[PDB]
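Before any questions on how it binds or moves, here is one chain, the form deposited in one PDB entry, in structure tokens.
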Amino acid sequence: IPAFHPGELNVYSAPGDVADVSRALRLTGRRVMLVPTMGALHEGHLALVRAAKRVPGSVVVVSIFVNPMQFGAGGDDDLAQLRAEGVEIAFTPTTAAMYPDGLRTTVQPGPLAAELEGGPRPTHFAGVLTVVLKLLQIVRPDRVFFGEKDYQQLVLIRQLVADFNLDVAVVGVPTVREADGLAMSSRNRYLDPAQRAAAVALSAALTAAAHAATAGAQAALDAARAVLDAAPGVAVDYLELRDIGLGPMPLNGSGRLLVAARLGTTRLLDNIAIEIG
């Protein structure tokens, strides 16, 4: 078994090393928490880590991995940040370690993967679910944390876990926002100051919608569309109101409003809870 130093950051890149350390720790009664990321960490990621850390005695495992793009699809102080959060395990595998036999067996999501973010990127969620399934098997966490920021991803992870009978609790963590409401994202770094200012329209549109919703679903959608239309440098890709599981919105109930929009070349996403009437 590789060395593990409790109460310090321990970095592993081989799946077998994390699997052995995780198994040994879980046997002592320390619950293991998994927080999957693509690195370039910010306060949105740190909220997931802090939620994992709230679990007494937990070993928090944060993975950093950028899954390769499949055919036809286009597209640092991380460890220091994790250490300062009291994360004990960082898992940083190479592509070759994750895929030693290439892309062979994979996960095929259900049809929700072709909707919304799957429209522009029809293979994206197959990659996500394949990687998350692997991380779950390597780490064997008690709980795994995903942000509401990627709501469709979170819903699909719930489907993965239900459909494959996975014995992990999926924990969704609320979106972390800047003071003006802009959802935090590493992509925000691509925005120039004017685009950053204009980008507040996404959260402004969704929050306006969530309040407009006392007057019903159409009022909510129309309020959001009006705010986005008022922002000249924001080009909307989609703005959709769905039920909480991303099926069709019901006449009366809880739903989710999702937007994707481009500021110049940068595509941003946001979503919010909606209660109808």
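Here, rigid core means the biggest group of C-alpha atoms that superpose within 1.5 Å across both forms. Quick note: we count residues from 1 along the sequence shown, nothing fancier. Residues that one form lacks are left out of the comparison.
Checked against the other entries of this protein, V170 counts as resolved in every one of those spanning it, not missing from a third of them. When the other compared entries with both flanking residues are checked, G72 is unmodelled in at least a third. Per the record, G75 and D76 are separated by 4 to 9 deposited residues that are missing from the model. The stretch with the higher mean CA B factor, choosing between 18 to 26 and 250 to 258, is 250 to 258. Looking at 218 to 226 and 62 to 70 together, the entry lists the larger mean B-factor for 62 to 70, computed on C-alpha atoms. Sort the modelled residues of the chain by CA B factor and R140 lands in the middle third. Sort the chain's modelled residues by C-alpha temperature factor and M184 lands in the lowest third, per the entry. In the deposited entry, the Cα temperature factor of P36 places it in the lowest third of its chain's modelled residues. The entry lists a Cα temperature factor for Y99 that places it in the highest third of the chain's modelled residues. Ranked within its chain, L263 lands in the highest third, by CA B factor from the PDB record.
The same protein also exists as the form deposited in another entry; that form is not shown, yet it is the one meant from here on.
For the residue set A226, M69, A40, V55, core-aligned C-alpha shifts between this form and the one not shown reach 2 angstroms or more at a single site, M69. Here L251 counts as shifted, since its C-alpha moves by at least 2 Å between this form and the one not shown after the core is aligned. In that other deposited form, the Cα-Cα separation between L166 and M249 shrinks by 3 Å or more relative to the displayed conformation. The pair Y238 and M249 separates in that other deposited form: their C-alpha atoms are at least 3 Å more distant from each other than in the form depicted. Against the superposed rigid core, the consecutive-residue runs (3 or more long) showing CA movement of at least 2 Å between this form and the one not shown span 69 to 75, 247 to 252.
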